[PDB]
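**Student:** Below you'll find the sequence and an experimental structure to go with it.
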Amino acid sequence: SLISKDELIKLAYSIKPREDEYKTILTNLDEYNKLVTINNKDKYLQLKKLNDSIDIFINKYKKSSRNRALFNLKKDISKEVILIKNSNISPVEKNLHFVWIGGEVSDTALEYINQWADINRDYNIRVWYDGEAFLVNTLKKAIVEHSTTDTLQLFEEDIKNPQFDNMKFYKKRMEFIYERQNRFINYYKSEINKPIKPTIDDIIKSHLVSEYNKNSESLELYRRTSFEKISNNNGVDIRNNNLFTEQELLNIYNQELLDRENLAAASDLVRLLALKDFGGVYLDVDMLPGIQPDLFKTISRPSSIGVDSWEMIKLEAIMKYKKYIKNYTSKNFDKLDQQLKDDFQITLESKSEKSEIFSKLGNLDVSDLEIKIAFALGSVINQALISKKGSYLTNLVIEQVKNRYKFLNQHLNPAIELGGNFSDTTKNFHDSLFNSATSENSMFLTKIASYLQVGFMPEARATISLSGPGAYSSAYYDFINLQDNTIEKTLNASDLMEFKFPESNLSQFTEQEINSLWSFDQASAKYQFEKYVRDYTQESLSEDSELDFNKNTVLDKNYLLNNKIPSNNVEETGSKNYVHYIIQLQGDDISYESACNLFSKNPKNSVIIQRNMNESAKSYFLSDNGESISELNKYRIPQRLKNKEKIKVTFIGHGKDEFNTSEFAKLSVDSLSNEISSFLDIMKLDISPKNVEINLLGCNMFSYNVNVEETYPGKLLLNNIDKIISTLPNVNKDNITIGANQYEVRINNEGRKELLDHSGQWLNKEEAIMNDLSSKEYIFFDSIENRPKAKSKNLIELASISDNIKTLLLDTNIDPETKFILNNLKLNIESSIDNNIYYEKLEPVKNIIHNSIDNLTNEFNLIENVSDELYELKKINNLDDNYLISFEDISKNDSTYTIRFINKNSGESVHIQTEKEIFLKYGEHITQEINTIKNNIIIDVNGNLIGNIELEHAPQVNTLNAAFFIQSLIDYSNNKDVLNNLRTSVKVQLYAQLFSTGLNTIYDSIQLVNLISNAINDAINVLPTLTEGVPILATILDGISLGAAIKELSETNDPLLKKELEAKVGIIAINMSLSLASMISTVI
Amino acid sequence: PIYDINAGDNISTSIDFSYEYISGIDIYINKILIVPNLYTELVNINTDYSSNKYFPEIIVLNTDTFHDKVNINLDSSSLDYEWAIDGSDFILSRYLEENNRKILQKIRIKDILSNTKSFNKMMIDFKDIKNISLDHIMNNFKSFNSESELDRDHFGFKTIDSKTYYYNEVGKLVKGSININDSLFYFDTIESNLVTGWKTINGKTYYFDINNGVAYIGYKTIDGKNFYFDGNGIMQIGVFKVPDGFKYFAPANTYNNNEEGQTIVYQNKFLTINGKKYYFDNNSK
Ligand SMILES: [Zn+2]
């Protein structure tokens, strides 16, 4: 627990009288220390009251001397909360919740549900549904279909132009959808207000049949079949079970379900309220039970497959061999080797019971304050939740949702009420929004600005901030730091690890879950618009339908040398320490032009290889004088580039037009891996770099940041990392990165960017350039978690893009459509910056000073850990503050450690046993440090040290670290340093080993008391100087310091000190005194 | 900050640093390392340059404290500054040109980009603008790129593209003449690149070899003229012994416009040097 009242009174000492607030703090602290109740809620509320009082005082008297102690008290309170949480744990209620609203439940979901029902028969399955909203999704689909057709019709002349920027299509479509949504909302407002209330489904049916020409009988049949199905599959009605008791939550639910047709946010609210009212475990409709830990413990994962693909493969093998679920694919499983497949089948067919393969839940122990949430990619996600009935954190989360929705509505409703079209509502909403920005909600406001576009236009993500994981992270911060209603604050990962859903119970990498996981990015937007246009005109289109992949134009050296090189305006800044291979793979005109321009960007460090001419490929590079294009054999480089540190290689080609493309320049992953291996076995003859950065440039090559291992660059990295590291010995795994781009960009003489389009000429498409530049991601192999990770974005480039966008918006020659597009792009770039900072994605520098400071902090962690453990131990064994612990006398017995405590008053020694290994690990550590200070000390004389001097940088650094570490322990004034004493244990050990033979061999209590008094009264200095304390004079003889002894001997007038200095050192003064001269004259 | 534990209601919330208290010894310092504690609310950095000659990079460390905002108070004009990022550090750089002297000062705020709290906690005060956040700086100031081979960590000679540099055991460039492996090198005092050729320091002349950069000592031949350099490489004037006898190394324009310190033709005449007499025969020995 916390320190008690009087120890704080001693710690928080100040000369001034006790203010009123200090009295209040003492009162609340004592009231807490005596609170005996098993209801953790009262303990938590007492901690909250104490913390509030401490904050009041600290804010009122910022300059006071007591604050130090009080501040540490706050720290301790936070840790205290965890101790409250981790007690009185009890099994969660036997309930299992799923949610499906707005339509008929699919059969696949029902199979995933039955998998949970079968092995967990002691749990009550509930599938929540909305019995009066079975036709909502049909309404949404009808709106989208009609608006899509109208918009394709309106652009019918332009849509066949390949220069089409589909963002125009999407903005027009969104305007139509906003019109139709307002229409339905007004209809519903007019209908529901009747004396006789019709249900929502009847209103939707009337509106659909009236406006979009649906058959009423078909809608009625659909409603009936959906109802009977979900009723026969454990269905539970929302409205029959009285979930929405507060009018505000019901208003939020209606606003999400009806005004926006956002089924996801409705499901978020409903999941929270179900957990609050009933307790239990919430699960998505595509989570499967955890596989037994030991089932495949015998099969080793190949190096060529990541961890997530391994879990997916295991589930696929199970579902293939046992056939629990229908139509479960085996696409990943079939690519395995035959041995692994046979091991899978062997290990499986021996297992008969479903309970031998999937693990039961059993009793999950959770406290009445906590809610547990699943983890993905290191961040929280609401796929799976555990909560008791009436948990505290659940009400915290609901208050967060209500607060964020109230701040949204406060700005949105007045902007809607004007009755304007989509664009005017957008503008008024944005202005009312950004008029209220402060330092605390800038990121939040930037994120929720795209609320009107969620689900219709690409890259709208307000749901994450409104009811998604943002509310959960904020709730966890409010919980641990005893506040309320924080926005965009976060806990560190070490604290979030407390609330993790036990991973052994959940298999998150199912097949339906990966399909749910793909986001509505720019890639899916382009490839879905293409589908729309194909299906509307019944045509065939391709960007490169008619290009020649055989032209095989040979490199025109003069075209490169006299035109491409001098006309280039793009100089790269930064380190010029790389060599850039340019490997052109395909022979069309665009590949040739892009290769030539990419070479022109940096002629001195780049080499061209025209691989498409398979046997005749040669390396063309600018000669050393800069006037001519020399050539060498394939993949070979001139001498002037062999000393570079980094390689960058660029493959050029065209990617196949499909979502998540599988073929690049008509080569699969393995063909290109063979190409890389062939390149490496020749390249390794000339250069041994420390980094490798591969690019894939061409159409349809996107950079995805979710589902990395499923995409082309992820597969490429996983397949080639072993070859690259085995062939080039200096390269770490974390030094190999893979990127993909779509467009080739140049800068004209006018200062604007232009991209070489697939039709042969450079247009200046600013929106596409900005978007493609800002979207690029570099993927590398994280060796700690052992999986592909996207590397953090370059913030300087993003800031430059945003500045360019602002300057373009100043130029009034841009038409209003492009103004709206540019404004949305600016919002997305600001959101990307804020995401890079908020999710803690920026990696530290890691050089010498940063290593030093980090080691200092790591040392400062151990001290507080040991201090808490010592407080605990001394408090349990009822040892008071007079006992000093001796870190030299810890003895191990096979589970325990015996530590000797020394009384500072009587010298009597006590022995205490403990289970904590830390006391030993630290105790030896300090024992080594005092073994370096004492290793450059030369025999002391007058109770004073005469040390050695070393002037090499090898032994000077260790001595300085030893002195800083021990000095910090001896000057450490922590809280909880009063029941124990660490400033004195270390000081006494130091004094004993410096002026004696050590505490470990001294047992006589009188010697102990005298030595303790000597140590405590005497101050020792260990950090290296030449004249301990003051400045006097340095006389360093051969590696020996003698300034202090010499200055002592030239005034001492003490024969004993002179004798000691002569005997142990060798110093001999002259004694030029007149008195002695006179005495000797008289003697003779 | 100076910590007097029981001082009472006067605990100082300020760290005041000036580039003028390290004048003289600023060639012996690697970096300046400001370390705030719980109470630190203001960080005064008095810039200036009429006193110092080399200004070390400042590093402002980020600690836990109970203040909501920490001010860094710079006394200079906001017009000269640029920003960059390096990992999690935020770098401000000031460039001026005064009296043909380029003034370059760098301030690195360490790990301020690690999370939202640290990012929002620091505020900056220039002379003409006050309370400038880091986000505002990112949005309104020019930006530069912070990476170069001269900023890496080495421990011996480096040969960055035309020019040699030497790094101490702590990875800092060396400026001014210094002895390595029992030889006197001279690294230029601004660019820190190895200097070769003739060098006149405070009125005494040295010659640094073009092959290795080491200063010549002893009796040496340079372009058909014979010179003599003493034990430390300082060129000497007088009558000295060489492997072929005793020869005259004469002042400037003593005979046929001979350069200072070259041997000359001295036939059949007496010589007087600060009271000592010599006589040179027909062969100038
Ligand atoms: Zn193409």
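**Tutor:** Received the coordinates, thanks. Numbering: from 1, shown residues only, chains lettered A, B, ... in the order given.
**Student:** okay, CA-based contacts and neighbour counts for the rest of this
**Tutor:** Fine.
**Student:** I figured residue A:527 was touching residue A:659, is that so?
**Tutor:** Yes: the criterion here is C-alpha atoms under 8 Å, and residue A:527 meets it with residue A:659 at 6.4 Å.
**Student:** So what's the residue count around residue A:625?
**Tutor:** 7 (other C-alpha atoms under 10 Å in any protein chain shown).
**Student:** nope, residue A:382 is what I was after
**Tutor:** Counted with other C-alpha under 10 Å, residue A:382 comes out at 19.
**Student:** Equivalent analysis for residue A:190, please.
**Tutor:** When neighbours are counted by other C-alpha under 10 Å, residue A:190 comes out with 10.
**Student:** do the same with residue A:600
**Tutor:** Neighbours of residue A:600 (other C-alpha under 10 Å): 21.
**Student:** can you check residue B:234 too?
**Tutor:** Residue B:234: 20 neighbours (other C-alpha under 10 Å).
**Student:** distance of it from residue B:241?
**Tutor:** Distance of residue B:234 to residue B:241, given as C-alpha to C-alpha, to the nearest Å: 16 Å.
**Student:** wait, what's in contact with residue A:363?
**Tutor:** Residue A:363 makes contacts with A:91-92, as judged by C-alpha atoms under 8 Å, 6 or more residues apart in numbering or on different chains.
**Student:** That one in helix, strand or coil?
**Tutor:** Counting by DSSP: H, G, I helix; E, B strand; the rest coil, the backbone at residue A:363 sits in coil.
**Student:** Same question for residue B:272.
**Tutor:** Assignment for residue B:272 (three-state DSSP): strand.
**Student:** Next, find the distance separating the residue lying closest to it once chain neighbours are set aside from residue B:266.
**Tutor:** Spatial nearest neighbour of residue B:272, excluding adjacent residues (C-alpha to C-alpha, 6 or more residues apart in numbering or on different chains): residue B:278 at 6.6 Å. According to C-alpha to C-alpha, residue B:278 and residue B:266 sit 11 Å apart.
**Student:** which residues touch the residue in the stretch 101-250 of chain B positioned nearest to the ion?
**Tutor:** The minimum distance from the stretch 101-250 of chain B to the ion, using C-alpha to the ion, falls at residue B:145 (34.1 Å). Contacts for residue B:145 (C-alpha under 8 Å, 6+ apart) come out as A:573-574, B:84.
**Student:** So what does it look like in phi/psi?
**Tutor:** Main-chain torsions, residue B:145, degrees, to the nearest 10: phi -110, psi 130.
**Student:** Also the one 5 residues further on?
**Tutor:** For residue B:150, the backbone dihedrals (degrees, to the nearest 10) come out as phi -70, psi -10.
**Student:** Please apply the same query to residue A:364.
**Tutor:** phi -90, psi 120.
**Student:** which residue packs closest to it, ignoring adjacent ones?
**Tutor:** Counting by C-alpha to C-alpha, 6+ apart, the residue nearest residue A:364 is residue A:91, at 5.0 Å.
**Student:** now that neighbour, which residues is it bridged with?
**Tutor:** residue A:365 (DSSP bridges).
**Student:** Nearest to the ion: which residue in the stretch 151-300 of chain A?
**Tutor:** For the stretch 151-300 of chain A, C-alpha to the ion, closest residue to the ion: residue A:162, 12.2 Å.
**Student:** scratch that, chain A
**Tutor:** Residue of chain A nearest the ion, by C-alpha to the ion: residue A:654 (4.2 Å).
**Student:** what's the distance between that residue and residue A:547?
**Tutor:** Where residue A:547 is concerned, residue A:654 sits at a distance of 11 Å (C-alpha to C-alpha).
**Student:** Kindly report the same for residue A:284.
**Tutor:** Distance from residue A:284 to residue A:547, counting by C-alpha to C-alpha: 47 Å.
**Student:** Just want to know which of those two has more residues nearby.
**Tutor:** Using other C-alpha under 10 Å as the criterion, residue A:284 and residue A:547 rank with residue A:284 on top: 20 against 14.
**Student:** wait, doesn't the more buried one sit right on residue A:96?
**Tutor:** No: Residue A:284 is beyond contact range of residue A:96, at 10.5 Å (criterion: C-alpha under 8 Å).
**Student:** got the phi/psi numbers for residue 61?
**Tutor:** No chain in the question, so chain A it is. Torsion angles, degrees, to the nearest 10, at residue A:61: phi -130, psi 60.
**Student:** what sits up against stretch A:819-828?
**Tutor:** Contacts of stretch A:819-828 (C-alpha under 8 Å, 6+ apart): A:167, A:446, A:459, A:767, A:771, A:802, A:805, A:809.
**Student:** hang on, residue B:185 in a helix?
**Tutor:** No: checked against three-state DSSP, residue B:185 lies outside a helix; its state is strand.
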